[PDB]
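> Take a look at this one; I'll ask things after.
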Number of protein chains: 2
Amino acid sequence: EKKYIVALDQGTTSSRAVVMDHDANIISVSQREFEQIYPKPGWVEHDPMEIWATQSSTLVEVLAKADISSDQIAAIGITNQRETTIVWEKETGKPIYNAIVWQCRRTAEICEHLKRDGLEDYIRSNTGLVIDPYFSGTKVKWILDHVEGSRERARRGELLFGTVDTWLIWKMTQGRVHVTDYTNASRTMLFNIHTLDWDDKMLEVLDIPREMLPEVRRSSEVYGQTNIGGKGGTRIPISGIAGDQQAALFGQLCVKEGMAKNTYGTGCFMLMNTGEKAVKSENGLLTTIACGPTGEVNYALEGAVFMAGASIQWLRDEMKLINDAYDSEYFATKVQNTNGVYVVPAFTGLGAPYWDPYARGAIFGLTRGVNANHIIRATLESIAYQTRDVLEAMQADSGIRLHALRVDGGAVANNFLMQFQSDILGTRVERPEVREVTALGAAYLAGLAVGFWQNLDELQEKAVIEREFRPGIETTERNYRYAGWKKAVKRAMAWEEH
Amino acid sequence: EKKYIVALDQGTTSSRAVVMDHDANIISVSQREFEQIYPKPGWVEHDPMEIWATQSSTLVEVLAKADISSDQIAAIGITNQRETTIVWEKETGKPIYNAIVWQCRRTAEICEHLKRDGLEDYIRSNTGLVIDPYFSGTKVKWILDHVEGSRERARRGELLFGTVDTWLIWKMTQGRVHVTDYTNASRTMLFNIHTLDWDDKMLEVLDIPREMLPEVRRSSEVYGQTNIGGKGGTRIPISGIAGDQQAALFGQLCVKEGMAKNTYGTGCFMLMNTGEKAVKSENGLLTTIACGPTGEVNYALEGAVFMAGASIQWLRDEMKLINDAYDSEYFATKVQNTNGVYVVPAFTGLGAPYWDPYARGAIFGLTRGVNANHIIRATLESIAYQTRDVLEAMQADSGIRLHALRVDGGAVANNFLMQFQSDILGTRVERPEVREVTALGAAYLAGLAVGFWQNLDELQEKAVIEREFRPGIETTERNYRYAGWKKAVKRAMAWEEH
Ligand SMILES: O=P(O)(O)OC[C@H]1O[C@](O)(COP(=O)(O)O)[C@@H](O)[C@@H]1O
């Protein structure tokens, strides 16, 4: 009867839903894009409602199309886009303000003070994090700060805070349940990653009524259940929660320290499992929470690159330089190089390991003959460059050389990118079967959490290295190119006025 | 010293110039487009002046780049768009009306009369022509008729009639030379292909003062010279002239009865060398003048198809369905068939063998899934269908089965087209090296006329079968498909409101 696990993958640009079988086979999938609100340059919002809405309906759609019923869903996993923060009225469930997405750069001023009062370490030490508008804390504060009575009501606790998983879940339970998971919490900058609870100091400094937060639980547990109709008296359990990023790492099976992958998605996300030990970043990386071999706490080192697939979309939707008929790849391969062009995707400032919020998208070394294709390619390459960036610091931090790069996310389908990536890294890149582990991750979790499965062991046999990319450019080259990349990069930082 | 022949190819849509070496090599080439005026639908005009200006500059251009001087041009051959008619003031050399292009369906009524007073046969018998707005006569009179004092002045002979060559030359000789060649004259429907002179009844009938006509001469003789600057006192001989079509034939070296080609240009032009004997068409083809192996007269059978490259051109500029970067072919191949569609390029009415000036472009068989690619393709196919149509008339007329289609003209570079043609024909198609034999034809003639060459033989090994296409579709297919074409064709006929 209950033969399916269902994953809810609330992405940055679209909500998705995946139906999974015991054989961990994708049975059905649904997608719904939502609007990317840009109130003003460097600002990114989302509709708490639109999310919810798109996420729900899909959940429904997947099943529908597949002719599956509530009563066969063994459980539901949940992954989401991290850091993007939300605050609503507990009473009404009415946001008091749009979701402020992870890329949003507005919290910079605050970050500024933060810097100023010199917490660097505290934070790093307690959160694992780096001072950035990237993270939750700041966000919230801004909201409260921005809204009239907030703080009070917050304190009066009529006000509620949450990240995606949180929100979603709450919604799925008629606000019956208000919790998040570790992976998720570890990203707010209000959660102490060693102690494993909200950081008073943290809350203190940002000024955040504890009254606002949710119950932090384990990535794979039963948090509750939801009623979506069907044959009467059926409820589906919610037994899994990880931040997308972490979900992928899990889906990827990296549950053992030194295991890592790279996710080529909205941004680029490369994480490596640091076992049960927290590892300090010396290289401008993050220290976070991940999933033990069965969703228990673990840690990992992370490199966060804001712009990846996004760049591509931008090409397509903003620049209108490609369509979905004619691929980035298509064109990119029409030329044999950027023709010296470089693209600095600082569309949302920088990020690992730069962490500049004043940085802003730039294109370099243009000539009378550079054309679209050059650019397209250029864009595509930025991705890989960045990747290198973090990959490098990672060993630096990790103390470990990666023999090959594990990847995932649509972009990985881009053979070009792949190759390049490989070249430019001078490393074997391994492209698995199903590019969308992220969801498996969540499945696995919730699935595990409910005995659907006993352990990943069974799922060993699961991963298919569909392709393998080995380098084709020699060191010298590799280095040369990287250099320009580098050259480029700087010219973009500090761009934005404070 | 004089080492080069130069050919002027006055296209229907662009003037060209060509430089040839004694080895009959193309040294250089220049093109210059010009405006297709369409005063109203079914009408097609040209600015004599634009025709001229473009033709001249190219002549100049071609030499320039090639770094060649007047005093090295052994001689010049002229080739041009047939039937297209011009009338100007002898005094001033000012046209008194736009050039009426061969395509222009305006003289239809007049044509209607001619019919009615039953000259079918007479015309046909002396001209070898069919009754159509295609030919020159009607054209002339229409102008006359349309412009006030004309006739008189014409009788006063202050007015001059002429075809491209005619025009071009005068101009080149500063109105010092007013002539045409046979091939040309045969298209006026005022010249007797047997007698070899202006057909009195004809003029009588159209009311066309002999006064405005020119001395007819042979295709390869010295008509005079032209001053184009350079080393003081240098004149270039003009020693060759033929309707482009005929030029082409010659170029193809179809100088013996039974030899034939298929020109893929503005429209399609398939002519078969009928030796020195005029063969009557019982199949809706024309009987015309061509050149014996020495610029002597010959005859041929012809099939004129109004829309070939022009159709594409249209696809490109009007429909904007393709470009310079993305070819007819490009898309055409994106699909496996028209998906049932058919395109009847009656844009300018219908020609051989149909001869319906009231026909107009049409597209058939649309279904919801039909797309542009289909349409593009259908368009291309149209070419081949029409080819078929005439090819068969011709073999019937001719009584022989061509063992291969020899072709030429830009479109020939189109593989898809070439294949198809072949398929639908169920015949080998022989694609030669140099698609621009029209010009050669001319070169030859002129060069011939000046001893630049001694004779054709010299030029025998000049041609190369660049590609050979062989059928790949079955009689039934071949046949089925054709039908549809035929079906469609009808539906496009008689559209025009008399
Ligand atoms: O509506 P269903 O699925 O047919 O079952 C009826 C259920 O509705 C409820 O009244 C509300 O249940 P929940 O509040 O758990 O959603 C229960 O009392 C009852 O079991």
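Chain B residue numbers are taken from Swiss-Prot; in order, the displayed residues are 3-500.
So this one's X-ray crystallography, 3.2 Å, going by the header.
Using N, Cα and C of the backbone, Cβ positions are placed for all residues, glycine too.
Okay, so Swiss-Prot annotates it like this:
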BINDING   B:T14, B:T15, B:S16, B:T268, B:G311, B:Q315, B:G412  ATP binding site
BINDING   B:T14, B:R18, B:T268, B:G311, B:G412, B:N416  ADP binding site
BINDING   B:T14, B:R84, B:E85, B:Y136, B:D246  sn-glycerol 3-phosphate binding site
BINDING   B:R84, B:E85, B:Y136, B:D246, B:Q247  glycerol binding site
MOD_RES   B:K233  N6-malonyllysine
BINDING   B:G235, B:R237  beta-D-fructose 1,6-bisphosphate binding site
BINDING   B:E479  Zn(2+) binding site
> If we count other C-beta atoms within 10 Å, could you say which of the recorded positions B:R84, B:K233, B:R237 has the fewest?
B:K233
> So among B:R84, B:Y136, B:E479, all listed as binding-site residues, which is physically nearest to B:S16 (ATP binding site)? Use the C-alpha atoms.
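With Cα distances computed to B:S16 (ATP binding site), the winner among B:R84, B:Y136, B:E479 is B:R84.
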> Same-chain residues six or more away whose CB lies under 8 A from the CB of B:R18 (ADP binding site)?
B:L10, B:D11, B:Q12, B:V31, B:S32, B:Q33, B:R34, B:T60, B:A441
> Determine, from DSSP, whether B:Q247 (glycerol binding site) sits in helix, strand or coil.
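Helix, per DSSP.
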> Among the binding-site residues listed here, B:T268, B:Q315, B:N416, which has the most company in the form of other Cβ atoms within 10 Å of its Cβ?
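Output for this query is B:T268.
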> Could you check which of the binding-site residues B:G235, B:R237, B:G412, B:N416, B:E479 is the closest Cα neighbour of B:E85 (sn-glycerol 3-phosphate binding site)?
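The answer is B:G412.
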> Of all the Cα pairs drawn from B:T14, B:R84, B:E85, B:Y136, B:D246, the residues the record ties to sn-glycerol 3-phosphate, which distance is largest, in Å?
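The span, Cα to Cα at its widest, is 15 Å.
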> Could you check what DSSP calls the residue listed as 'Zn(2+) binding site' once collapsed to helix, strand or coil?
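The residue in question, the residue listed as 'Zn(2+) binding site', is helix (DSSP, three-state).
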> Could you give the Cα-Cα distance between B:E479 (Zn(2+) binding site) and B:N416 (ADP binding site), in whole Å?
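Each residue's Cα considered, B:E479 (Zn(2+) binding site) and B:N416 (ADP binding site) end up 22 Å apart.
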> Which whole-number value in Å describes the distance between the Cα atoms of B:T15 (ATP binding site) and B:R84 (sn-glycerol 3-phosphate binding site)?
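Answer for this pair: 13 Å between alpha carbons.
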> Reduced to three states, what secondary structure does DSSP give B:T15 (ATP binding site)?
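Assignment for B:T15 (ATP binding site) reads coil.
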> Determine, to the nearest whole angstrom, how far the Cα atom of B:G412 (ATP binding site) is from the Cα atom of B:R84 (sn-glycerol 3-phosphate binding site).
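Just about 18 Å between their Cα atoms.
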> Sort the binding-site residues B:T268, B:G311, B:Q315 by C-alpha distance from B:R84 (sn-glycerol 3-phosphate binding site) and give me just the closest.
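Of the binding-site residues B:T268, B:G311, B:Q315, B:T268 has its Cα closest to that of B:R84 (sn-glycerol 3-phosphate binding site).
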> Fill in the CA-CA distance, B:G311 (ATP binding site) to B:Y136 (sn-glycerol 3-phosphate binding site), as an integer in Å.
18
> Roughly how many Å separate the Cα of B:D246 (sn-glycerol 3-phosphate binding site) from that of B:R237 (beta-D-fructose 1,6-bisphosphate binding site), to the nearest whole number?
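For B:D246 (sn-glycerol 3-phosphate binding site) versus B:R237 (beta-D-fructose 1,6-bisphosphate binding site), the Cα atoms are 24 Å apart.
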> Going by C-alpha distance, which of the binding-site residues B:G235, B:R237, B:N416 is nearest to B:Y136 (sn-glycerol 3-phosphate binding site)?
B:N416
> Given the recorded sn-glycerol 3-phosphate site (B:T14, B:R84, B:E85, B:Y136, B:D246), which additional residues of the same chain have their Cβ within 8 Å of the Cβ centre, ordered by sequence?
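Counting only non-site residues, the set is B:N82, B:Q83, B:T86, B:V103, B:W104, B:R189, B:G245, B:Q247, B:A306.
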> Measuring CA to CA, name the entry from the binding-site residues B:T14, B:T268, B:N416 that ends up nearest B:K233 (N6-malonyllysine).
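Looking at Cα distances from B:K233 (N6-malonyllysine), the smallest one goes to B:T14.
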> Largest pairwise Cα distance, Å, within the listed glycerol binders B:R84, B:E85, B:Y136, B:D246, B:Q247?
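In whole numbers, the farthest two Cα atoms are 15 Å apart.
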